[PDB]
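Asker: Just data_36.cif, nothing more (mmCIF, C-alpha atoms and all ligand atoms):
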```cif
data_work
#
loop_
_atom_site.label_atom_id
_atom_site.label_comp_id
_atom_site.auth_asym_id
_atom_site.auth_seq_id
_atom_site.Cartn_x
_atom_site.Cartn_y
_atom_site.Cartn_z
CA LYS A 1 170.80 81.37 59.01
CA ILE A 2 172.35 78.86 61.44
CA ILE A 3 175.42 79.76 63.52
CA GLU A 4 178.33 77.31 63.89
CA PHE A 5 177.43 80.32 59.57
CA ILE A 6 176.30 76.93 58.22
CA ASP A 7 175.91 76.42 54.47
CA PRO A 8 172.35 75.05 54.08
CA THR A 9 173.25 73.14 50.89
CA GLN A 10 175.89 71.25 52.92
CA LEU A 11 173.22 70.08 55.40
CA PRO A 12 171.89 66.53 54.87
CA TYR A 13 168.25 66.08 53.83
CA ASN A 14 166.82 63.40 56.13
CA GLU A 15 165.00 60.57 54.31
CA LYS A 16 162.83 59.96 57.41
CA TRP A 17 160.58 62.80 56.20
CA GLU A 18 159.99 61.24 52.76
CA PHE A 19 156.32 60.75 51.84
CA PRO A 20 154.62 59.18 48.78
CA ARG A 21 153.41 62.06 46.56
CA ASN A 22 150.54 59.93 45.20
CA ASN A 23 149.16 59.90 48.77
CA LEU A 24 148.47 63.66 48.45
CA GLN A 25 145.18 65.05 47.12
CA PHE A 26 145.35 68.81 46.47
CA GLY A 27 142.63 71.39 47.15
CA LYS A 28 142.32 75.19 47.09
CA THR A 29 145.38 77.43 46.73
CA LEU A 30 146.03 79.28 50.01
CA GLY A 31 148.72 81.63 48.64
CA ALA A 32 151.10 82.26 45.73
CA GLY A 33 154.14 84.52 45.23
CA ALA A 34 156.26 85.01 42.11
CA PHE A 35 157.95 81.59 42.01
CA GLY A 36 156.07 79.72 44.77
CA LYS A 37 152.62 78.68 46.01
CA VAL A 38 150.89 77.00 48.96
CA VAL A 39 148.03 74.62 48.13
CA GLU A 40 146.09 72.75 50.83
CA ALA A 41 145.91 68.96 50.54
CA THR A 42 144.82 65.74 52.27
CA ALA A 43 147.74 63.50 53.30
CA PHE A 44 146.86 59.80 53.57
CA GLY A 45 148.81 57.80 56.18
CA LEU A 46 151.15 60.46 57.58
CA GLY A 47 153.72 59.39 60.19
CA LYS A 48 153.69 56.51 62.67
CA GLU A 49 150.01 57.14 63.49
CA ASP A 50 149.02 57.03 59.78
CA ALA A 51 146.69 59.98 60.42
CA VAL A 52 144.48 61.11 57.54
CA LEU A 53 144.49 64.91 57.82
CA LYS A 54 144.51 68.21 55.93
CA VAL A 55 148.00 69.67 55.40
CA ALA A 56 149.48 72.78 53.76
CA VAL A 57 151.82 71.89 50.87
CA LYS A 58 154.31 74.50 49.66
CA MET A 59 155.76 74.13 46.16
CA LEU A 60 157.41 76.07 43.34
CA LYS A 61 155.23 77.63 40.63
CA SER A 62 156.14 76.09 37.25
CA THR A 63 157.96 79.34 36.37
CA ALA A 64 160.73 78.58 38.92
CA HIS A 65 164.17 77.17 38.12
CA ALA A 66 167.53 76.03 39.60
CA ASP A 67 167.98 78.79 42.20
CA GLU A 68 164.44 78.19 43.52
CA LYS A 69 164.83 74.39 43.66
CA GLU A 70 167.91 74.76 45.88
CA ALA A 71 166.23 77.60 47.82
CA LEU A 72 163.21 75.45 48.73
CA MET A 73 165.47 72.48 49.57
CA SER A 74 167.51 74.77 51.85
CA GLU A 75 164.29 75.55 53.77
CA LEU A 76 163.50 71.82 54.06
CA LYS A 77 166.98 71.04 55.45
CA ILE A 78 166.63 73.83 58.05
CA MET A 79 163.17 72.69 59.20
CA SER A 80 164.50 69.12 59.59
CA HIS A 81 167.52 70.23 61.66
CA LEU A 82 165.43 72.53 63.91
CA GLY A 83 163.14 69.82 65.34
CA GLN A 84 159.59 70.52 66.54
CA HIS A 85 157.83 72.99 68.84
CA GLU A 86 154.24 74.04 69.62
CA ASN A 87 154.81 77.59 68.33
CA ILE A 88 156.57 76.92 65.00
CA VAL A 89 155.25 75.70 61.64
CA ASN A 90 156.36 72.07 61.93
CA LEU A 91 157.58 69.89 59.07
CA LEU A 92 155.35 66.82 58.61
CA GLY A 93 156.99 65.42 55.47
CA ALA A 94 158.40 66.10 52.00
CA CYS A 95 158.45 64.66 48.48
CA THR A 96 161.83 64.75 46.70
CA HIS A 97 161.88 61.50 44.68
CA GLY A 98 160.09 61.25 41.32
CA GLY A 99 158.92 64.82 40.67
CA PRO A 100 159.04 68.41 42.00
CA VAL A 101 160.18 69.22 45.55
CA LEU A 102 157.17 69.39 47.90
CA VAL A 103 157.19 70.44 51.57
CA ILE A 104 154.31 69.24 53.76
CA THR A 105 153.61 71.12 57.01
CA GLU A 106 150.90 71.68 59.65
CA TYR A 107 147.67 73.34 58.49
CA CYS A 108 146.68 76.49 60.41
CA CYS A 109 143.02 77.24 59.63
CA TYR A 110 142.70 80.89 60.77
CA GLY A 111 145.61 81.93 58.50
CA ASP A 112 148.31 84.53 59.14
CA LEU A 113 148.16 86.83 62.18
CA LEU A 114 148.21 90.15 60.28
CA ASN A 115 145.10 89.32 58.24
CA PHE A 116 143.45 87.70 61.29
CA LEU A 117 143.70 90.82 63.48
CA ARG A 118 142.52 93.10 60.64
CA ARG A 119 139.43 90.95 59.94
CA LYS A 120 138.64 90.53 63.65
CA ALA A 121 138.85 94.28 64.32
CA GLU A 122 136.33 94.89 61.52
CA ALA A 123 134.10 92.17 63.00
CA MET A 124 134.17 93.95 66.38
CA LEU A 125 133.17 97.26 64.73
CA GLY A 126 130.35 95.46 62.87
CA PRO A 127 127.55 96.09 65.42
CA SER A 128 127.84 99.89 65.11
CA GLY A 129 131.70 85.31 66.43
CA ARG A 130 133.75 85.92 69.58
CA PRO A 131 135.38 89.35 70.12
CA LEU A 132 139.12 89.74 70.78
CA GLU A 133 140.38 91.08 74.13
CA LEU A 134 143.73 92.10 75.66
CA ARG A 135 144.45 88.59 76.99
CA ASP A 136 144.29 87.24 73.41
CA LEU A 137 146.83 89.78 72.11
CA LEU A 138 149.14 89.09 75.07
CA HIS A 139 148.66 85.37 74.38
CA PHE A 140 149.73 85.64 70.72
CA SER A 141 152.86 87.62 71.61
CA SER A 142 153.64 85.12 74.38
CA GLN A 143 153.49 82.18 71.93
CA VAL A 144 155.47 83.89 69.16
CA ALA A 145 158.14 84.68 71.77
CA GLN A 146 158.29 81.01 72.84
CA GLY A 147 158.79 79.97 69.20
CA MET A 148 161.58 82.50 68.66
CA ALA A 149 163.12 81.42 71.99
CA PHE A 150 163.15 77.85 70.62
CA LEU A 151 164.70 79.04 67.33
CA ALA A 152 167.45 80.94 69.17
CA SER A 153 168.22 77.86 71.31
CA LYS A 154 169.21 75.97 68.12
CA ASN A 155 171.55 78.84 67.08
CA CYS A 156 169.12 79.71 64.26
CA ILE A 157 168.27 83.20 62.98
CA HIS A 158 164.98 84.07 61.26
CA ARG A 159 165.80 87.38 59.48
CA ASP A 160 162.09 88.16 58.86
CA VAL A 161 159.92 88.07 61.99
CA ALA A 162 156.49 89.58 61.24
CA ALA A 163 152.73 89.18 61.71
CA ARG A 164 152.43 88.11 58.05
CA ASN A 165 154.64 85.10 58.87
CA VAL A 166 152.83 84.17 62.12
CA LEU A 167 150.11 81.54 61.58
CA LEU A 168 147.10 81.00 63.88
CA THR A 169 145.80 77.42 64.11
CA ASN A 170 143.00 75.59 65.98
CA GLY A 171 142.25 77.01 69.44
CA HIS A 172 144.22 80.21 68.72
CA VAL A 173 147.80 78.87 68.81
CA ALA A 174 150.31 81.25 67.18
CA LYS A 175 153.01 79.52 65.12
CA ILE A 176 156.00 81.41 63.70
CA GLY A 177 157.46 80.47 60.30
CA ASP A 178 158.51 81.92 56.95
CA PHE A 179 156.32 81.68 53.82
CA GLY A 180 159.39 82.47 51.70
CA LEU A 181 158.90 81.90 47.97
CA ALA A 182 155.17 81.42 48.65
CA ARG A 183 154.91 85.12 49.56
CA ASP A 184 151.70 87.14 49.21
CA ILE A 185 151.46 89.43 46.16
CA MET A 186 149.69 91.88 48.50
CA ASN A 187 152.82 91.86 50.74
CA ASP A 188 155.21 92.85 47.90
CA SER A 189 155.12 96.50 49.06
CA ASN A 190 156.91 95.88 52.38
CA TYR A 191 159.98 94.29 50.74
CA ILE A 192 162.13 97.15 49.40
CA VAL A 193 164.81 96.43 46.77
CA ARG A 194 164.51 92.51 48.25
CA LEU A 195 164.47 92.95 52.04
CA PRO A 196 161.87 93.90 54.71
CA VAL A 197 163.41 97.27 55.63
CA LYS A 198 160.75 98.37 58.15
CA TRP A 199 161.20 95.20 60.26
CA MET A 200 165.03 95.13 60.19
CA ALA A 201 167.44 96.46 62.83
CA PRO A 202 170.03 99.18 62.01
CA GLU A 203 173.00 96.77 61.90
CA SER A 204 171.06 94.56 59.45
CA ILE A 205 170.36 97.58 57.21
CA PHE A 206 173.78 99.27 57.25
CA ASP A 207 176.34 96.61 58.24
CA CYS A 208 174.27 93.65 56.93
CA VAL A 209 174.74 91.97 60.33
CA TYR A 210 172.12 89.40 61.34
CA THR A 211 172.05 88.08 64.92
CA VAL A 212 169.54 86.70 67.44
CA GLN A 213 169.44 90.27 68.79
CA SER A 214 168.44 91.64 65.36
CA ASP A 215 165.44 89.26 65.42
CA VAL A 216 164.45 90.80 68.77
CA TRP A 217 164.30 94.22 67.06
CA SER A 218 161.92 92.64 64.53
CA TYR A 219 159.92 91.06 67.38
CA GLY A 220 159.54 94.58 68.81
CA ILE A 221 157.99 95.63 65.49
CA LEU A 222 155.87 92.45 65.60
CA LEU A 223 154.49 93.60 68.96
CA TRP A 224 153.68 96.99 67.42
CA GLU A 225 151.81 95.11 64.67
CA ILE A 226 149.78 93.07 67.19
CA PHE A 227 148.88 95.85 69.64
CA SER A 228 147.92 98.24 66.80
CA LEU A 229 145.60 95.57 65.29
CA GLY A 230 147.61 95.21 62.07
CA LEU A 231 148.81 98.70 61.15
CA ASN A 232 151.79 99.14 58.83
CA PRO A 233 155.01 100.05 60.71
CA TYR A 234 155.96 103.75 60.59
CA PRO A 235 152.55 104.51 59.01
CA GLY A 236 152.65 107.24 56.35
CA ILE A 237 156.46 107.40 56.34
CA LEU A 238 158.12 106.43 53.05
CA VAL A 239 161.30 104.32 52.79
CA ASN A 240 164.15 106.62 51.69
CA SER A 241 167.35 108.44 52.79
CA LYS A 242 165.36 110.29 55.48
CA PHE A 243 163.94 107.04 56.93
CA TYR A 244 167.41 105.51 57.32
CA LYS A 245 168.72 108.52 59.30
CA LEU A 246 165.69 108.39 61.62
CA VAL A 247 166.15 104.66 62.33
CA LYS A 248 169.90 105.11 62.93
CA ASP A 249 169.56 108.27 65.06
CA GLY A 250 167.06 106.40 67.29
CA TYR A 251 163.55 107.24 66.09
CA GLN A 252 160.75 105.11 67.55
CA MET A 253 157.03 104.79 66.79
CA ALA A 254 154.37 106.22 69.12
CA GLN A 255 152.61 103.99 71.65
CA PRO A 256 149.91 102.08 69.72
CA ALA A 257 146.26 102.40 70.77
CA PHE A 258 145.95 99.05 72.58
CA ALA A 259 149.42 98.70 74.15
CA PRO A 260 149.77 98.73 77.95
CA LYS A 261 152.65 100.84 79.33
CA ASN A 262 154.71 97.77 80.28
CA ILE A 263 154.02 96.18 76.86
CA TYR A 264 155.03 99.30 74.89
CA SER A 265 158.06 99.68 77.18
CA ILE A 266 159.21 96.21 76.06
CA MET A 267 159.10 97.37 72.41
CA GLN A 268 161.44 100.26 73.26
CA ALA A 269 163.83 97.80 74.94
CA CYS A 270 163.72 95.67 71.78
CA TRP A 271 164.48 98.83 69.76
CA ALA A 272 167.76 99.44 71.63
CA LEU A 273 170.34 100.83 69.19
CA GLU A 274 173.02 98.60 70.75
CA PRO A 275 172.14 94.98 69.81
CA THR A 276 173.60 93.46 73.00
CA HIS A 277 171.41 95.63 75.28
CA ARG A 278 168.13 94.24 73.86
CA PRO A 279 165.99 91.66 75.74
CA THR A 280 166.64 87.96 75.17
CA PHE A 281 163.71 85.93 73.80
CA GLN A 282 163.75 83.91 77.04
CA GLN A 283 163.31 87.15 79.03
CA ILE A 284 160.38 88.18 76.80
CA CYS A 285 158.71 84.78 77.38
CA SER A 286 158.79 84.69 81.20
CA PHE A 287 157.41 88.24 81.29
CA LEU A 288 154.64 87.82 78.70
CA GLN A 289 153.67 84.36 80.01
CA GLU A 290 153.16 86.07 83.39
CA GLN A 291 151.21 88.99 81.87
CA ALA A 292 149.06 86.40 80.07
CA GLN A 293 148.32 84.47 83.28
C1 LIG B 1 162.27 80.00 60.65
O1 LIG B 1 162.42 78.61 60.36
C2 LIG B 1 161.26 78.23 59.71
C3 LIG B 1 160.23 77.68 60.43
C4 LIG B 1 159.08 77.30 59.77
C5 LIG B 1 158.96 77.47 58.41
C6 LIG B 1 157.71 77.05 57.71
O2 LIG B 1 157.64 77.76 56.48
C7 LIG B 1 156.32 77.78 56.05
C8 LIG B 1 155.86 76.81 55.18
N1 LIG B 1 154.61 76.77 54.71
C9 LIG B 1 153.79 77.74 55.13
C10 LIG B 1 152.39 77.74 54.62
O3 LIG B 1 151.67 76.61 55.10
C11 LIG B 1 150.52 77.12 55.67
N2 LIG B 1 149.80 78.02 54.99
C12 LIG B 1 148.72 78.44 55.64
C13 LIG B 1 147.90 79.43 54.99
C14 LIG B 1 148.26 80.45 54.08
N3 LIG B 1 147.21 81.19 53.71
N4 LIG B 1 146.19 80.62 54.38
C15 LIG B 1 144.85 81.15 54.24
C16 LIG B 1 146.55 79.56 55.17
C17 LIG B 1 148.37 77.99 56.89
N5 LIG B 1 149.09 77.09 57.56
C18 LIG B 1 150.18 76.66 56.92
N6 LIG B 1 151.02 75.72 57.53
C19 LIG B 1 154.16 78.75 55.98
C20 LIG B 1 155.46 78.77 56.45
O4 LIG B 1 155.90 79.76 57.31
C21 LIG B 1 154.75 80.40 57.84
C22 LIG B 1 160.01 78.02 57.70
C23 LIG B 1 161.17 78.40 58.34
#
```
Please go through the file and, once you have read it, give me the structure as structure tokens.

Answerer:
Amino acid sequence: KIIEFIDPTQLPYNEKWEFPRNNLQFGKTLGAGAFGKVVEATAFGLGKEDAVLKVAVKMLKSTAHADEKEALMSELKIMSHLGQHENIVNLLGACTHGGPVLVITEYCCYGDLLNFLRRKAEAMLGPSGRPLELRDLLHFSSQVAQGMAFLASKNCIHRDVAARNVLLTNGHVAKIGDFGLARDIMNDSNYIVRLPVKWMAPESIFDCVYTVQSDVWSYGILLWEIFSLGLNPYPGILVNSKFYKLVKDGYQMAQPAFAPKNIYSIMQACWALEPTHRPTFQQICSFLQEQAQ
């Protein structure tokens, strides 16, 4: 979403991004949903620098039709309007003319943050590369906050902030984005009939209201994901009538194993029942950037 709400089909696709599709050489498939997939590829002569580099290319699986074609184009038009930041999955180019709609973006080698933390935790238990510590977890949260702070500054709402959507690139730089149609089949469970119920705020569940403050609620759950080393939110609890009453009546998860008091306290602030009383993304940055340094 973009507040002004703006119809994404009405937004102009900028031809500056256009890239010759024959200058793309595809490799291994990184991910694939129901009607989308993300294959890695080498882009020859990209931008003013004409840099030969490896890029992630998202595209529709052949079994995807009119609604998907406009859906993917809507994501391209949003990424073009947003601009560029260190902590967001940046648009590098796209291919609209003479074939299917392709969307070229930065390539983050370590993958998504949820799978990263789960693999790294198992690596640290191995003994009984380079082990994770508290400063790393505080760093990731600090970067994801900066990206969301940049998104909010352009009057843009994410509607699905999560560790699955956060990508880690070279030198451990967390970039927030949205896989979208190139979802993981392993992540189909979290989307209840489809929306990510466990990450959404109450107003988004009941009133269907989506604001910058509702993304902060999700960022609170994203912190719980990070400082629990990739546990599922509300672990063991099933999504049903009983869950909705708990979330509305003000139920909160217990302090995760690796969360400092001040870090867990910030999650509770993000889980304020009143949307307006939650922390701004700018407030979360200045704090976490300090706790990092
Ligand atoms: C909120 O406004 C926005 C902002 C950014 C976006 C970008 O949307 C995306 C596009 N494309 C990808 C996928 O590309 C990549 N995939 C991998 C990958 C996957 N598995 N493995 C092993 C590696 C790594 N790096 C990649 N760049 C991921 C997006 O969001 C995360 C959409 C909406």

Asker: Using all atoms listed in the file, which residues sit within 12 Å of residue 245 in chain A once same-chain residues fewer than 5 positions away are excluded, as a PyMOL selection string?

Answerer: chain A and resi 202+205-206+239-240+250-252

Asker: Kindly compile the residues surrounding ligand LIG 1 (chain B) within 7 Å, counting only C-alpha atoms and all ligand atoms, and format them as a PyMOL selection string.

Answerer: chain A and resi 30-31+38+56-58+75+78-79+88-90+105-112+158+165-167+176-180

Asker: Go ahead and dump the residues you just picked, C-alpha atoms, as a PDB file, in the coordinates of the input.

Answerer:
```pdb
ATOM      1  CA  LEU A  30     146.030  79.280  50.010  1.00  0.00           C
ATOM      2  CA  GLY A  31     148.720  81.630  48.640  1.00  0.00           C
ATOM      3  CA  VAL A  38     150.890  77.000  48.960  1.00  0.00           C
ATOM      4  CA  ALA A  56     149.480  72.780  53.760  1.00  0.00           C
ATOM      5  CA  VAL A  57     151.820  71.890  50.870  1.00  0.00           C
ATOM      6  CA  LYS A  58     154.310  74.500  49.660  1.00  0.00           C
ATOM      7  CA  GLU A  75     164.290  75.550  53.770  1.00  0.00           C
ATOM      8  CA  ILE A  78     166.630  73.830  58.050  1.00  0.00           C
ATOM      9  CA  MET A  79     163.170  72.690  59.200  1.00  0.00           C
ATOM     10  CA  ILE A  88     156.570  76.920  65.000  1.00  0.00           C
ATOM     11  CA  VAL A  89     155.250  75.700  61.640  1.00  0.00           C
ATOM     12  CA  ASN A  90     156.360  72.070  61.930  1.00  0.00           C
ATOM     13  CA  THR A 105     153.610  71.120  57.010  1.00  0.00           C
ATOM     14  CA  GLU A 106     150.900  71.680  59.650  1.00  0.00           C
ATOM     15  CA  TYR A 107     147.670  73.340  58.490  1.00  0.00           C
ATOM     16  CA  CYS A 108     146.680  76.490  60.410  1.00  0.00           C
ATOM     17  CA  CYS A 109     143.020  77.240  59.630  1.00  0.00           C
ATOM     18  CA  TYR A 110     142.700  80.890  60.770  1.00  0.00           C
ATOM     19  CA  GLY A 111     145.610  81.930  58.500  1.00  0.00           C
ATOM     20  CA  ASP A 112     148.310  84.530  59.140  1.00  0.00           C
ATOM     21  CA  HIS A 158     164.980  84.070  61.260  1.00  0.00           C
ATOM     22  CA  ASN A 165     154.640  85.100  58.870  1.00  0.00           C
ATOM     23  CA  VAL A 166     152.830  84.170  62.120  1.00  0.00           C
ATOM     24  CA  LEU A 167     150.110  81.540  61.580  1.00  0.00           C
ATOM     25  CA  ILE A 176     156.000  81.410  63.700  1.00  0.00           C
ATOM     26  CA  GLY A 177     157.460  80.470  60.300  1.00  0.00           C
ATOM     27  CA  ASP A 178     158.510  81.920  56.950  1.00  0.00           C
ATOM     28  CA  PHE A 179     156.320  81.680  53.820  1.00  0.00           C
ATOM     29  CA  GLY A 180     159.390  82.470  51.700  1.00  0.00           C
TER      30      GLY A 180
END
```

Asker: Near residue 116 in chain A, counting only C-alpha atoms, which residues have an atom at most 10 Å away, once you skip same-chain residues fewer than 2 positions from it, shown as an MDAnalysis selection string?

Answerer: chainID A and resid 110:114 118:121 163:164 167:168 229:230

Asker: Select, from A:52, A:238, A:145, A:34, the residue with the minimum atom-to-atom distance to residue 286 in chain A, counting only C-alpha atoms.

Answerer: A:145

Asker: Calculate how many Å separate CA of residue 263 in chain A from CA of residue 227 in chain A, rounding to one decimal.

Answerer: 8.9 Å

Asker: For residue 60 in chain A, which of A:185, A:209, A:76, A:101 is the closest residue, counting all atoms listed in the file?

Answerer: A:101

Asker: Have a look at A:244, A:258, A:140, A:271 and name the one nearest to residue 213 in chain A; count all atoms listed in the file.

Answerer: A:271

Asker: Go ahead and compute the interatomic distance for CA of residue 288 in chain A and CA of residue 138 in chain A, in Å to one decimal.

Answerer: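 For CA of residue 288 in chain A relative to CA of residue 138 in chain A, the distance reads 6.7 Å.
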
Asker: Near residue 196 in chain A, counting all atoms listed in the file, which residues have an atom at most 10 Å away, once you skip same-chain residues fewer than 2 positions from it, shown as a list in words?

Answerer: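 After dropping sequence-adjacent residues, the list is residues 159, 160, 161, 162, 188, 189, 190, 191, 192, 193, 194, 198, 199, 200, 205 and 218 of chain A.
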
Asker: Go ahead and save the picked residues with C-alpha atoms, as an mmCIF file, in the coordinates of the input.

Answerer:
```
data_model
loop_
_atom_site.group_PDB
_atom_site.id
_atom_site.type_symbol
_atom_site.label_atom_id
_atom_site.label_comp_id
_atom_site.auth_asym_id
_atom_site.auth_seq_id
_atom_site.Cartn_x
_atom_site.Cartn_y
_atom_site.Cartn_z
ATOM 1 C CA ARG A 159 165.800 87.380 59.480
ATOM 2 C CA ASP A 160 162.090 88.160 58.860
ATOM 3 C CA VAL A 161 159.920 88.070 61.990
ATOM 4 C CA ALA A 162 156.490 89.580 61.240
ATOM 5 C CA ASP A 188 155.210 92.850 47.900
ATOM 6 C CA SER A 189 155.120 96.500 49.060
ATOM 7 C CA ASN A 190 156.910 95.880 52.380
ATOM 8 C CA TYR A 191 159.980 94.290 50.740
ATOM 9 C CA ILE A 192 162.130 97.150 49.400
ATOM 10 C CA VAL A 193 164.810 96.430 46.770
ATOM 11 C CA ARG A 194 164.510 92.510 48.250
ATOM 12 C CA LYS A 198 160.750 98.370 58.150
ATOM 13 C CA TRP A 199 161.200 95.200 60.260
ATOM 14 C CA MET A 200 165.030 95.130 60.190
ATOM 15 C CA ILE A 205 170.360 97.580 57.210
ATOM 16 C CA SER A 218 161.920 92.640 64.530
#
```

Asker: Considering all atoms listed in the file, state which residue in the set A:182, A:151, A:82, A:156 is at the smallest distance from residue 3 in chain A.

Answerer: A:156
